[PDB]
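S.K.: The structure's right below; bear with me while I get my questions together.
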Amino acid sequence: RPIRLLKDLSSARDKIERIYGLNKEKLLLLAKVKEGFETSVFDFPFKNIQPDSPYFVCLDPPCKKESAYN
DNA sequence: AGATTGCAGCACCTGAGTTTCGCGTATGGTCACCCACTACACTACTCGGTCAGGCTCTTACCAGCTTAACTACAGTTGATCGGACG
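If you want it as structure tokens, here you go:
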């Protein structure tokens, strides 16, 4: 297909592979976020951001990646 | 596992935000024409002085006389004048 404007990505699965690629470990996070927040229209369950949640997802900013003070 | 049903994918008609546009309406700009005012040199008719022409008025008579005044001769006294003073 000549996928060149947003309207060419008509199929939902085609949109996700075109916008997010096929790295299996990356696609997990999208499935977790979808199930953990689809019903969260204006607010989300406290139980979903907790470190033990079945839907827990957390990406640390690059400044946190290793100790920087020294 | 079939009769009932939803998802959602395909295609084509459609709708607005956005744009480009045409005109109104009106405004500053070109430039062409012809007008007003000015003026140096000129055109030309009249007025004016001068002159002649020639018609015109007014004089004053000649010698004499006879009505009218001067116009000379003539004598003691002025006061500027010269030229020298203060």
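Going by this note's numbering, the first residue of the first sequence is number -15, and it counts up by one from there.
Ideal Cβ positions, reconstructed from N, Cα and C, are used throughout, including at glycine.
Express the C-alpha separation of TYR53 and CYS47 in angstroms, rounding to a whole number.
M.R.: Cα to Cα, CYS47 sits roughly 11 angstroms from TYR53.
S.K.: So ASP44 is in the alpha helix (DSSP H); what residue range does that whole segment cover?
M.R.: Run containing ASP44: none; DSSP gives neither H nor E here.
S.K.: If you draw a straight line from the alpha carbon of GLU50 to that of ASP36, how long is it in whole angstroms?
M.R.: Looking at the two C-alpha atoms, the distance is approximately 23 angstroms.
S.K.: Can you tell which of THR23, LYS10, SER24, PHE26 has the C-alpha that lies nearest to the C-alpha of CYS42?
M.R.: Comparing Cα positions, the closest option is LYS10.
S.K.: When we look at the beta-carbon of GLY20 and count the other beta-carbons within 10 Å, is it buried (16 or more) or exposed?
M.R.: It is buried - the Cβ of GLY20 has at least 16 other Cβ atoms within 10 Å.
S.K.: Just to check my reading of the structure: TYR39 and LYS8 have Cβ atoms closer than 8 angstroms, yes? What is that Cβ distance to the nearest angstrom?
M.R.: So it is not a contact: roughly 18 angstroms between Cβ atoms.
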